[PDB]
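Read through the structure below, which is laid out as structure tokens, and then see the notes.
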Amino acid sequence: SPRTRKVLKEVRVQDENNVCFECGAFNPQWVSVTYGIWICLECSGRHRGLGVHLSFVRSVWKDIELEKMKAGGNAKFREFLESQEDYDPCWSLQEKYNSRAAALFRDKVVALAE
Amino acid sequence: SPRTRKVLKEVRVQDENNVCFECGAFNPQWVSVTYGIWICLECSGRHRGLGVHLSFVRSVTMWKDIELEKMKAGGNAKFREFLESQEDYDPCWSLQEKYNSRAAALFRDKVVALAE
Ligand SMILES: [Zn+2]
Ligand SMILES: [Zn+2]
């Protein structure tokens with residue numbers, strides 16, 4: 001976990017990766033590797049109820065998992081979701097992560113990490 | 001319903017009363033008297049669910065003087081405008097959060113006071 005600490009710092013110190021993606025709490029301590037997003041203790045609990053096929057929730061490790069972190073990001077995922085036509089800013093967590101948009105970014109994050 | 005029909009259609013014409021307050025569907029036949037708002041058949045059933053302390057529902061076809069005065073005092077756009085300008089407004093409120101909000105309370109009372 002040393003070699004890998006350094007990398008997460010690079011990624012954390014980047015695009016809105018130090019606020020929780022869902023609720024904006026500072027210094028998110030958790031991630032959804034799936035979307036390269038950084039979340040807080042509480043929101044990780046909530047993510048854990050979505051299913052691993054929709055969200056893979058870790059605490060700040062496999063190489064391909066770091067590559068997903070480099071590939072995705074808080075700002076990047078939000079920017080992406082905001083341009084989809086059936087985007088709804090009032091989605092529940094469930095609707096959001098079960099949406100076309102989310103699936104597409106997952107696929108994107110995998111394709112890039114590979 | 002002849003006096004009614006007239007005034008009711010006079011009110012339909014006022015801002016945004018031709019679409020459902022909640023979901024936006026065309027030509028809502030139902031109302032929540034509590035807010036002067038117009039709502040579709042489906043959403044009317046939804047409003048019966050909140051409880052008559054949060055939403056009193058009636059039909060365009062189903063009226064009292066006061067019930068009618070409340071329609072004049074509220075309105076879909078008026079209520080939305082009011083809501084958007086309260087400090088705690090959340091446009092992603094669920095139906096229960098919305099109608100249990102302070103903003104909803106305050107608009108109920110604007111409507112009652114204007115009515116009488
Ligand atoms: Zn959070
Ligand atoms: Zn409706």
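Ligands are numbered from 1 in the order shown, chains are lettered A, B, ... in the order of the structure tokens, and residues start at 1 in each chain.
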Could you please tell me, as a list in words, which residues of chain B have an atom within 12 Å of chain A when using only C-alpha atoms?
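So the residues of chain B near chain A are residues 90, 91, 92, 93 and 94 of chain B.
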Write out, as a short mmCIF file (atom, residue, chain, number, x, y, z; two decimals), in the first residue's frame, the residues just selected, with N, CA, C and O atoms.
```
data_model
loop_
_atom_site.label_atom_id
_atom_site.label_comp_id
_atom_site.auth_asym_id
_atom_site.auth_seq_id
_atom_site.Cartn_x
_atom_site.Cartn_y
_atom_site.Cartn_z
N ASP B 90 -35.81 22.99 -2.04
CA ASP B 90 -35.10 21.92 -2.71
C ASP B 90 -35.93 21.46 -3.89
O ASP B 90 -36.97 20.84 -3.70
N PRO B 91 -35.47 21.73 -5.11
CA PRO B 91 -36.35 21.37 -6.23
C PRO B 91 -36.43 19.84 -6.44
O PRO B 91 -37.25 19.39 -7.24
N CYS B 92 -35.56 19.08 -5.76
CA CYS B 92 -35.60 17.61 -5.73
C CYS B 92 -36.33 17.04 -4.52
O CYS B 92 -36.17 15.86 -4.19
N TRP B 93 -37.13 17.87 -3.87
CA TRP B 93 -38.01 17.42 -2.80
C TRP B 93 -38.91 16.32 -3.29
O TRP B 93 -39.43 16.39 -4.40
N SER B 94 -39.12 15.31 -2.46
CA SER B 94 -40.16 14.33 -2.72
C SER B 94 -41.52 14.99 -2.40
O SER B 94 -41.60 16.11 -1.89
#
```
Selection near range 10-18 of chain A, 10 Å with only C-alpha atoms, sequence-local residues under 6 positions removed, as number ranges by chain
A: 24-29, 31, 36-40, 66, 69-76
Using the selection just defined, write its residues with C-alpha atoms as a short mmCIF file (atom, residue, chain, number, x, y, z; two decimals), in the first residue's frame.
```cif
data_model
loop_
_atom_site.label_atom_id
_atom_site.label_comp_id
_atom_site.auth_asym_id
_atom_site.auth_seq_id
_atom_site.Cartn_x
_atom_site.Cartn_y
_atom_site.Cartn_z
CA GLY A 24 -19.72 17.42 -1.01
CA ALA A 25 -18.27 16.54 2.45
CA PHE A 26 -14.55 17.33 2.67
CA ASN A 27 -11.73 14.83 2.40
CA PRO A 28 -13.74 11.85 1.19
CA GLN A 29 -12.10 8.72 2.58
CA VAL A 31 -14.17 5.57 -3.43
CA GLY A 36 -13.19 6.74 -10.29
CA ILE A 37 -15.21 8.77 -7.74
CA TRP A 38 -14.40 9.74 -4.18
CA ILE A 39 -17.12 9.46 -1.46
CA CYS A 40 -17.53 9.92 2.28
CA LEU A 66 -5.92 2.28 -9.54
CA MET A 69 -9.24 5.78 -10.41
CA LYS A 70 -6.95 7.52 -12.89
CA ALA A 71 -9.49 6.95 -15.64
CA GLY A 72 -12.57 8.36 -13.90
CA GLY A 73 -13.10 11.26 -11.48
CA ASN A 74 -15.59 13.35 -9.53
CA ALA A 75 -15.73 16.35 -11.89
CA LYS A 76 -15.43 14.06 -14.96
#
```
Could you pull out the residues in chain B that DSSP calls strand (DSSP E or B) from the backbone, as a list in words?
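The residues of chain B classed as strand (DSSP E or B) are residues 19, 26, 30, 31, 32, 37, 38, 39, 57, 58 and 59 of chain B.
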Print the selection's residues with C-alpha atoms to a file, as a short mmCIF file (atom, residue, chain, number, x, y, z; two decimals), in the first residue's frame.
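And here is the file that came out, out-v2.cif:
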```cif
data_model
loop_
_atom_site.label_atom_id
_atom_site.label_comp_id
_atom_site.auth_asym_id
_atom_site.auth_seq_id
_atom_site.Cartn_x
_atom_site.Cartn_y
_atom_site.Cartn_z
CA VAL B 19 -50.42 21.67 -16.88
CA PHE B 26 -51.55 18.48 -20.09
CA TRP B 30 -58.09 17.94 -10.48
CA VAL B 31 -56.98 20.51 -7.90
CA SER B 32 -55.51 20.88 -4.49
CA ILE B 37 -52.90 24.18 -7.70
CA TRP B 38 -54.04 22.05 -10.68
CA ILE B 39 -53.08 18.41 -10.90
CA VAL B 57 -58.42 17.52 -3.28
CA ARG B 58 -61.56 18.14 -5.33
CA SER B 59 -62.59 17.66 -9.01
#
```
Using only C-alpha atoms, which of the listed residues (B:40, B:25, B:95, B:114) sits closest to residue 54 in chain B?
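Looking at the shortest contact to residue 54 in chain B, the residue is B:95.
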Could you pull the residues within 12 Å of residue 84 in chain B, counting only C-alpha atoms, minus those fewer than 4 positions along the same chain, as a VMD selection string?
chain B and resid 77 to 80 88 to 93 98 103 to 104 107
Could you list, as number ranges by chain, all the residues within 8 Å of ligand 2, counting only C-alpha atoms and all ligand atoms?
B: 20-25, 28, 39-44
DSSP alpha helix (DSSP H) residues within chain A, listed as a count of residues only:
55
Pick from B:47, B:60, B:67, B:110: nearest to residue 6 in chain B, with only C-alpha atoms counted?
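For residue 6 in chain B, the nearest of the candidates is B:60.
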Calculate how many Å separate CA of residue 47 in chain A from CA of residue 99 in chain A, rounding to one decimal.
14.7 Å
Nearest to residue 5 in chain A, chosen from A:59, A:86, A:110, A:102, with only C-alpha atoms counted in the distances
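Closest candidate: A:59.
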Tell me which protein, DNA and RNA residues are within 10 Å of range 1-3 of chain A, counting only C-alpha atoms, leaving out same-chain ones fewer than 4 positions away, and put them as number ranges by chain.
A: 7-8, 60-61
Who sits within 9 Å of residue 93 in chain A, only C-alpha atoms, same chain under 6 positions skipped, as a list in words
residues 22, 46, 47 and 50 of chain A
Pick from B:27, B:1, B:34, B:18 nearest to residue 73 in chain B, counting only C-alpha atoms:
B:34
Give the answer as one residue: which of A:21, A:87, A:105, A:35 has the shortest atom-to-atom distance to ligand 1, using only C-alpha atoms and all ligand atoms?
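Looking at the shortest contact to ligand 1, the residue is A:21.
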d(CA of residue 84 in chain A, CA of residue 42 in chain A) in Å
27.2 Å
